[PDB]
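One structure below.
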Amino acid sequence: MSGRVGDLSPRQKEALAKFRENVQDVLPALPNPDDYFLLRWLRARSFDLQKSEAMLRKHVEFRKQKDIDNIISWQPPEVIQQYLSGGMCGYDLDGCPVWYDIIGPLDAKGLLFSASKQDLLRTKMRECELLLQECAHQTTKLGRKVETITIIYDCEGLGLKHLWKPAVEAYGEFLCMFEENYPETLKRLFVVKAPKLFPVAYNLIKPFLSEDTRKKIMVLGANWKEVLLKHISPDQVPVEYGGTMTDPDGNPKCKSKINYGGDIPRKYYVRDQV
Ligand SMILES: CC(C)=CCC/C(C)=C/CC/C(C)=C/CC/C=C(\C)CC/C=C(\C)CC[C@@H]1OC1(C)C
Ligand SMILES: [Cl-]
Ligand SMILES: [Cl-]
Ligand SMILES: [Cl-]
Ligand SMILES: [Cl-]
Ligand SMILES: [Cl-]
Ligand SMILES: [Cl-]
């Protein structure tokens, strides 16, 4: 029993009806408060009515404090726009948007020396909202509900520089934000090209992850391209990641969609310590 629309148990259906009744005062100000929306919060707290309501009400306050309704129109500062890696590229075989994270070339120190933690976190919030918006568009296009995302997490080049304490702490703040505000949004996360340092790095961030997220993390081995193509059509995957997708100009990295980071020029630095 999956706890999804169309599949609910009698106890889950009853809990959903009570939940909607209990939180109806905040629904008008939420985006599309359909059963699918409500059930994300209920599944995240195992249909505990008190905990689910507390989680949703905290999210309502987050949306207000961070101006989430208007965040898609907020373009990050130059250093972040140019050097914060990652991007949305393609859809998986079930129609879910795919997000690429590119860790190796990420200059975490340069970013923290060039941008406020608040603007870095706001940029990550905006990414979440962009992905949810793409899910809504896919839902309309496909005529069935699309509400999760697939992540390709490229750990090639992961190194000790990424485990600088302020970077780990800032990333943990992002992860907590994700868990508290975007529950039940991750479908699967594929870690590719992980080096030997990966288990230590993973242990540093596990404290910030939910058990639900941990269950969805799949660490791939040498045959990672093959595995990706079992989940995503080749025409939806960059050549760089085993597919046939390119930028319009032929570039196999699909850089028009995916930012590949890089070391941040000193002209962007705004502080000398963090
Ligand atoms: C993200 C923010 C707030 C600022 C950007 C600059 C910055 C602080 C970068 C942090 C660098 C850093 C600590 C990268 C983390 C490396 C940790 C790993 C490779 C372990 C694996 C991490 C996983 C599986 C978490 C994935 C989370 O579920 C996700 C939301 C994708
Ligand atoms: Cl520039
Ligand atoms: Cl210290
Ligand atoms: Cl260990
Ligand atoms: Cl563990
Ligand atoms: Cl599988
Ligand atoms: Cl420079």
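Going left to right, the sequence shown walks through residues 1 to 274 as the entry's author numbering numbers them.
Every residue, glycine too, gets a C-beta built ideally from N, C-alpha and C.
C-alpha of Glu127 to C-alpha of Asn22: approximately 30 Å in a straight line.
When the five nearest sequence neighbours on each side are left out, the beta carbons in the same chain lying within less than 7 Å of the beta carbon of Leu163 are those of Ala201, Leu204, in order along the chain. Secondary structure of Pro97 (DSSP, three-state): strand.
Separation of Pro76 and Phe198 (C-alpha to C-alpha, rounded to the nearest whole angstrom) is 29 Å. Contact check for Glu129 and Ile68: beta-carbon distance about 7 Å, within the 8 Å limit, so the pair qualifies. Restricted to the region 101 to 142, the alpha helix (DSSP H) segments that are unbroken, complete and at least 4 residues in length are 108 to 114, 117 to 142, listed in chain order. Counting along the chain, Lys18 sits inside no beta strand (DSSP E); it lies in the alpha helix (DSSP H) bounded by residues 10 to 23.
A residue is called buried once 16 or more other Cβ atoms fall within 10 Å of its Cβ, and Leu93, having fewer, is exposed. Taking each of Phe174, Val168, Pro97, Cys155 in turn and checking the Cα distance to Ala136, the smallest one comes out for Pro97.
Under the DSSP definition of a beta bridge, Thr150 partners with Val98, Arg188. The beta carbon of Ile102 is closer than 8 Å to those of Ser85, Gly86, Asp154, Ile258, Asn259, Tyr260, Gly261 in its chain, skipping five residues each way along the sequence. In chain order, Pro166, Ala167, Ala170, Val274 place their CB closer than 7 Å to the CB of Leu112, counting only its own chain and leaving out the 5 sequence neighbours on each side. With 6 Å as the limit between CB and the heavy atoms of ligand 2, the residues that fall short of it are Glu78, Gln82.
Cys254 and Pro238 have their C-alpha atoms roughly 6 Å apart. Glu156 places its beta carbon 7 Å or farther from that of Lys109.
Here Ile152 really is in contact with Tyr241; their C-beta atoms are around 6 Å apart, less than 8 Å. Around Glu78, the same chain offers no residue with a beta carbon nearer than 6 Å, after the five sequence neighbours per side are excluded. DSSP lists no beta-bridge partner residue for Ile72. In the three-state reduction of the DSSP assignment, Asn251 falls in the coil class, being assigned neither a helical nor a strand state. Here the alpha carbon of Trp74 sits roughly 9 Å from the alpha carbon of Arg122.
For the pair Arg20 and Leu38, the Cα-to-Cα distance works out to about 7 Å. When C-alpha distances from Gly143 are compared across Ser9, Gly95, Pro10, the shortest belongs to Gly95.
The three-state reading of DSSP puts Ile264 in coil, since its state is none of H, G, I, E or B.
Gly87 has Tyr100 as its beta-bridge partners, per DSSP. Between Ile217 and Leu189, the C-beta spacing is below 7 Å.
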